[PDB]
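Asker: Input: one structure, supplied below.
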Amino acid sequence: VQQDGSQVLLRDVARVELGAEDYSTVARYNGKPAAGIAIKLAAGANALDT
Amino acid sequence: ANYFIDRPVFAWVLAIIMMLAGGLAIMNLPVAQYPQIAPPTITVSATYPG
Amino acid sequence: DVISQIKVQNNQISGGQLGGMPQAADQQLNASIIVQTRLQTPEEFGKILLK
Ligand SMILES: CCCCCCCCCCCC
């Protein structure tokens, strides 16, 4: 809070944004952007019914 | 041995038991491309941002 | 005071990257920044600035 009385908020010194945590990975499906998962299976598993 | 020859019903019952056990086995048995072959590994991952 | 100054001048400060994700389009530089490293010799420990 400044002596003039004006309030300094975070939005006045920074840009807040719902972004990502790890920014170093770009996944694209058939050129289109996308995000996927890799199912590494389990030790004792049924490769078909799973 | 040779005492099954005199008792065909015993042999047939043993065959039926084998077939039943085999069917029960194939109904519930895991299927996979390959079993666990590689020696077990443990991976420790740590992250230091920047 | 000596302990605090040793803690300050014997750190592993993570500088970061000079241009990294999310990077602006048309970016052709990618380097790491080395700000500080842990001291290695008693001579270096002798030159820690106390005041
Ligand atoms: C099955 C074990 C090896 C063969 C045993 C033969 C036993 C002699 C013939 C049957 C006598 C009743």
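Residue numbering restarts at 1 for every chain of the structure tokens, chains are lettered A, B, ... in their displayed order, and ligands are numbered from 1 as they appear.
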Got a sec to pull out which chain A residues are within 10 Å of chain C, counting only C-alpha atoms, and send them as a list in words?

Answerer: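 Every residue of chain A that passes the 10 Å test is in residues 19, 20, 22, 23, 24 and 25 of chain A.
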
Asker: May I have the selected residues written with C-alpha atoms, as an mmCIF file, in the first residue's frame?

Answerer:
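So out14.cif came out as:
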```
data_model
loop_
_atom_site.group_PDB
_atom_site.id
_atom_site.type_symbol
_atom_site.label_atom_id
_atom_site.label_comp_id
_atom_site.auth_asym_id
_atom_site.auth_seq_id
_atom_site.Cartn_x
_atom_site.Cartn_y
_atom_site.Cartn_z
ATOM 1 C CA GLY A 19 -0.895 -22.399 -17.287
ATOM 2 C CA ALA A 20 1.039 -25.667 -17.171
ATOM 3 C CA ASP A 22 6.002 -28.826 -17.129
ATOM 4 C CA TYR A 23 6.148 -26.730 -20.293
ATOM 5 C CA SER A 24 8.763 -28.840 -22.124
ATOM 6 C CA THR A 25 6.590 -31.415 -23.898
#
```

Asker: Give me, as CSV, the closest atom pair and its distance (Å, one decimal) for every residue of chain C within a cut-off of 7 Å of chain B, counting only C-alpha atoms, rows sorted by chain and rising number.

Answerer:
```
residue,atom,partner,partner_atom,distance
C:14,CA,B:50,CA,5.6
C:15,CA,B:50,CA,6.5
C:16,CA,B:50,CA,4.2
C:17,CA,B:50,CA,6.8
```

Asker: Using only C-alpha atoms and all ligand atoms, which residues have at least one atom no more than 12 Å from ligand 1? Output them as an NGL selection string.

Answerer: :B and (1-6)

Asker: Suppose we keep N, CA and C atoms; can you now write the selection as an mmCIF file, in the first residue's frame?

Answerer:
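File produced: out00.cif:
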```
data_model
loop_
_atom_site.group_PDB
_atom_site.id
_atom_site.type_symbol
_atom_site.label_atom_id
_atom_site.label_comp_id
_atom_site.auth_asym_id
_atom_site.auth_seq_id
_atom_site.Cartn_x
_atom_site.Cartn_y
_atom_site.Cartn_z
ATOM 1 N N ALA B 1 -0.670 -98.087 -15.410
ATOM 2 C CA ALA B 1 -0.146 -99.389 -15.802
ATOM 3 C C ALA B 1 -1.106 -100.111 -16.741
ATOM 4 N N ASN B 2 -1.100 -101.438 -16.679
ATOM 5 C CA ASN B 2 -1.950 -102.257 -17.529
ATOM 6 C C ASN B 2 -3.268 -102.632 -16.869
ATOM 7 N N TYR B 3 -3.544 -102.135 -15.667
ATOM 8 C CA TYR B 3 -4.809 -102.432 -15.012
ATOM 9 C C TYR B 3 -5.918 -101.476 -15.424
ATOM 10 N N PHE B 4 -5.606 -100.453 -16.222
ATOM 11 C CA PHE B 4 -6.650 -99.628 -16.815
ATOM 12 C C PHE B 4 -7.352 -100.335 -17.964
ATOM 13 N N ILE B 5 -6.695 -101.313 -18.592
ATOM 14 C CA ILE B 5 -7.304 -102.038 -19.704
ATOM 15 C C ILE B 5 -8.550 -102.775 -19.240
ATOM 16 N N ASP B 6 -8.474 -103.420 -18.078
ATOM 17 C CA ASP B 6 -9.617 -104.141 -17.540
ATOM 18 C C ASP B 6 -10.718 -103.211 -17.048
#
```

Asker: Between CA of residue 39 in chain C and CA of residue 45 in chain B, what distance in Å does the model show, to one decimal?

Answerer: 26.3 Å

Asker: Find the distance between CA of residue 24 in chain C and CA of residue 37 in chain A and write it in Å to one decimal.

Answerer: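 Going from CA of residue 24 in chain C over to CA of residue 37 in chain A covers 26.9 Å.
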
Asker: Would you give me, as a JSON list (two decimals) with N, CA, C and O atoms, in the first residue's frame, the residues of chain B that come within 6 Å of chain A, using only C-alpha atoms?

Answerer:
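Output (iface-v2.json):
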```json
[["chain", "number", "residue", "atom", "x", "y", "z"],
["B", 30, "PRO", "N", -3.75, -65.99, -17.45],
["B", 30, "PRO", "CA", -3.25, -64.76, -18.07],
["B", 30, "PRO", "C", -2.66, -65.03, -19.45],
["B", 30, "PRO", "O", -2.06, -66.07, -19.71],
["B", 31, "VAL", "N", -2.85, -64.06, -20.35],
["B", 31, "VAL", "CA", -2.26, -64.10, -21.68],
["B", 31, "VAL", "C", -1.42, -62.84, -21.85],
["B", 31, "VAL", "O", -1.80, -61.75, -21.41],
["B", 32, "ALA", "N", -0.26, -63.00, -22.48],
["B", 32, "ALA", "CA", 0.64, -61.87, -22.68],
["B", 32, "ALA", "C", 1.54, -62.17, -23.87],
["B", 32, "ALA", "O", 1.69, -63.33, -24.27]]
```

Asker: How would you write, as a PDB file with C-alpha atoms, in the first residue's frame, the set of residues in chain A that DSSP gives as strand (DSSP E or B)?

Answerer:
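What follows is the written file selection_38.pdb:
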```pdb
ATOM      1  CA  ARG A  28       0.507 -33.831 -31.480  1.00  0.00           C
ATOM      2  CA  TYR A  29      -1.794 -36.477 -32.958  1.00  0.00           C
ATOM      3  CA  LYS A  32      -3.415 -31.890 -34.408  1.00  0.00           C
ATOM      4  CA  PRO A  33      -2.447 -30.903 -30.842  1.00  0.00           C
TER       5      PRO A  33
END
```

Asker: Report, in Å with one decimal, the straight-line distance from CA of residue 20 in chain B to CA of residue 7 in chain B.

Answerer: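 Separation between CA of residue 20 in chain B and CA of residue 7 in chain B: 20.6 Å.
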
Asker: Once DSSP has gone over the backbone, tell me which residues of chain C are in helix (DSSP H, G or I), as a tab-separated table (two decimals) with C-alpha atoms, in the first residue's frame.

Answerer:
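Dumped everything to part_31.tsv:
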```
chain	number	residue	atom	x	y	z
C	2	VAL	CA	30.23	-16.67	9.71
C	3	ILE	CA	27.75	-19.54	9.41
C	4	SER	CA	25.17	-17.41	7.59
C	5	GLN	CA	27.76	-15.98	5.19
C	6	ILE	CA	29.06	-19.48	4.44
C	7	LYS	CA	25.49	-20.56	3.74
C	8	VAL	CA	25.03	-17.61	1.35
C	9	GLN	CA	28.33	-17.86	-0.55
C	42	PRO	CA	40.19	-23.97	1.15
C	43	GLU	CA	41.62	-20.98	-0.71
C	44	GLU	CA	38.14	-20.16	-2.01
C	45	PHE	CA	36.66	-20.64	1.47
C	46	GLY	CA	39.22	-18.16	2.77
```
